[PDB]
Amino acid sequence: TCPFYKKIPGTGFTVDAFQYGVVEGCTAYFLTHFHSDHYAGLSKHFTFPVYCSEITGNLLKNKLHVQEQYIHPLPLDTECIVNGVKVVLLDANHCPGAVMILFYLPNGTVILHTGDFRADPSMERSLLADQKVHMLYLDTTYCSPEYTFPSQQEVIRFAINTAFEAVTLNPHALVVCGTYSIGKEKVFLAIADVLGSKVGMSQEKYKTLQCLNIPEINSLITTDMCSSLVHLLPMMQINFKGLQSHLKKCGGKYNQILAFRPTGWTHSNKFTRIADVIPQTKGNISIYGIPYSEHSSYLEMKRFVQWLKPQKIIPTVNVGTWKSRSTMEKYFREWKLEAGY
Ligand code: NI
């Protein structure tokens with residue numbers, strides 16, 4: 001049974017609610033982005049209207065085989081009427097095709113559902129500038145002040161400089177980057193651009209990237225692994241055993257691996273600056289954990305909410321424990337007392 005924080009009151013709508021069977025009263029199912037916890041339950045047998053971005057609809061059609069007649073892609077930054085209700089989709093600064101959804105209810109209430117997002121000051125100049133929001137359904141993944149990490153631009157600078165130094169010292173070093181979902185494509189694309197290489201990957205991963213409307217993508221990726229010195233592998237294979245095994249398969253073309261695991265936050269964030277990050281090494285294999293996040297830090301989240309000044313906040317992450325819920329509610333009240341709304 002569908003939880004309350006996935007339902008939009010005063011509408012026939014749900015958000016990211018495909019694993020509950022036929023939800024009573026739902027006339028339109030919105031999907032914020034193509035991450036498995038959010039699409040869980042969709043397949044070629046689904047026969048209700050799904051509303052989403054163009055990119056998310058390419059993934060639904062090609063990867064999950066949802067039939068075309070049930071996919072309703074909407075343009076971003078554009079007022080659209082869905083089943084009698086005005087909606088807008090906004091870029092969420094999460095993975096490719098991820099959106100926030102603004103709902104203009106028939107009684108005058110305005111609701112923002114962030115989906116998953118990484119808050120940014122650029123959002124203060126979107127269509128959100130123009131009107132009041134009564135209710136905020138908030139991605140609270142890192143809602144505690146211990147969650148700090150650098151900007152995505154600092155992290156990519158570290159990765160490019162690390163990879164270029166290693167491969168210039170040793171032209172026979174291979175770079176490997178871990179992946180298990182869409183998102184974080186700048187990691188491997190920026191490294192391959194500084195090295196003058198295409199990124200090599202499995203046919204299944206190439207297929208996924210071909211759905212993402214990334215400009216000039218045919219110039220940047222390939223299934224011919226032998227032609228490439230940046231390889232993508234499943235995240236589970238980014239360990240010394242898995243990497244040793246991969247190096248065997250390369251036919252003595254390479255004699256060293258430098259590997260990246262883009263995680264979100266790890267508690268090595270509570271002590272170490274990006275500048276000071278060092279790898280784990282065994283023999284001719286080195287593995288870097290880099291803190292590339294596609295969710296808001298605590299400070300980014302607090303700035304966005306203090307700017308928006310919602311009347312009510314509904315968390316959508318960390319809702320299963322009483323300790324999490326009480327922690328989040330305390331911070332919401334601090335923020336409101338500090339800013340004066
Ligand atoms: Ni996500």
Side-chain angles (χ1 to χ4, degrees), residues 2-3 5-6 8 14-20 29-43 50-60 62-64 66 73-74 76 89-102 112-120 122-123 136-144 147 149 151-152 155 177-189 205 208-209 211-214 232 234-236 261-266 269 289-298 300-301 304-305 313-320 324 328:
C2 187
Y5 68 77
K6 296 182 179 272
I8 307 300
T14 58
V15 181
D16 300 351
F18 301 91
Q19 59 164 305
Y20 304 108
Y29 294 74
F30 285 78
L31 180 60
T32 66
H33 69 292
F34 195 78
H35 285 163
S36 64
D37 280 356
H38 299 258
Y39 69 71
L42 269 165
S43 71
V50 177
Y51 286 85
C52 58
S53 68
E54 174 184 354
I55 285 161
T56 298
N58 300 340
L59 291 159
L60 288 180
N62 292 288
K63 301 289 298 191
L64 300 183
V66 181
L74 305 173
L76 302 184
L89 300 187
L90 311 163
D91 205 274
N93 189 43
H94 185 50
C95 64
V99 301
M100 314 192 290
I101 311 162
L102 253 196
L112 177 62
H113 196 301
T114 68
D116 283 349
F117 87 139
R118 183 159 185 180
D120 192 75
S122 62
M123 295 170 178
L136 177 63
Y137 288 65
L138 180 59
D139 170 9
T140 42
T141 296
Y142 293 129
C143 187
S144 194
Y147 300 115
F149 29 77
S151 62
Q152 289 174 171
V155 176
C177 293
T179 189
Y180 41 32
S181 65
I182 65 167
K184 310 189 183 185
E185 287 80 10
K186 191 67 178 176
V187 179
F188 54 83
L189 297 171
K205 184 78 179 176
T208 301
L209 296 183
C211 303
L212 306 182
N213 293 346
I214 289 171
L232 306 187
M235 199 74 85
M236 295 190 73
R261 294 183 342 78
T263 64
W265 179 94
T266 74
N269 275 271
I290 61 173
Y292 192 96
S293 185
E294 297 183 336
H295 296 272
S296 311
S297 74
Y298 173 86
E300 291 160 356
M301 192 192 300
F304 179 79
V305 175
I313 305 173
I314 303 162
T316 64
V317 186
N318 305 305
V319 304
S324 280
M328 292 180 298

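Scope of the values below: all heavy atoms of this structure, side chains included, with no hydrogens, waters or symmetry mates. Just follow the structure's listing: the first ligand is 1, and inside any ligand the first atom is 1. The first residue in the sequence is number 1, and the count goes up from there.
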Review point. With under 30° as parallel and over 60° as perpendicular, where do the rings of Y142 and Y147 fit, or are they tilted in between?
Key: tilted
Review point. Closest heavy-atom contact between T140 and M301?
Key: CA-CE, 3.9 Å
Check your understanding: side-chain hydrogen bond (donor to acceptor under 3.5 Å, both in side chains) with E294: which residues, sequence neighbours excluded?
Key -> none
Exercise for review: Decide if the gap between the ring center of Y39 and the ring center of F34 is smaller than 6.0 angstrom.
Suggested key: yes
Review point. What residues, two or more places apart in sequence or in another chain, satisfy ring-ring contact (aromatic ring centres under 6.0 Å, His included) together with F188?
Key: none
Point to revise | Any residue meeting ring-ring contact (aromatic ring centres under 6.0 Å, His included) with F304, in chain and number order, not counting sequence neighbours | key: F117
Check your understanding: Protein N/O/S atoms under 2.8 Å from the Ni ion (ligand 1): how many?
Key -> 4
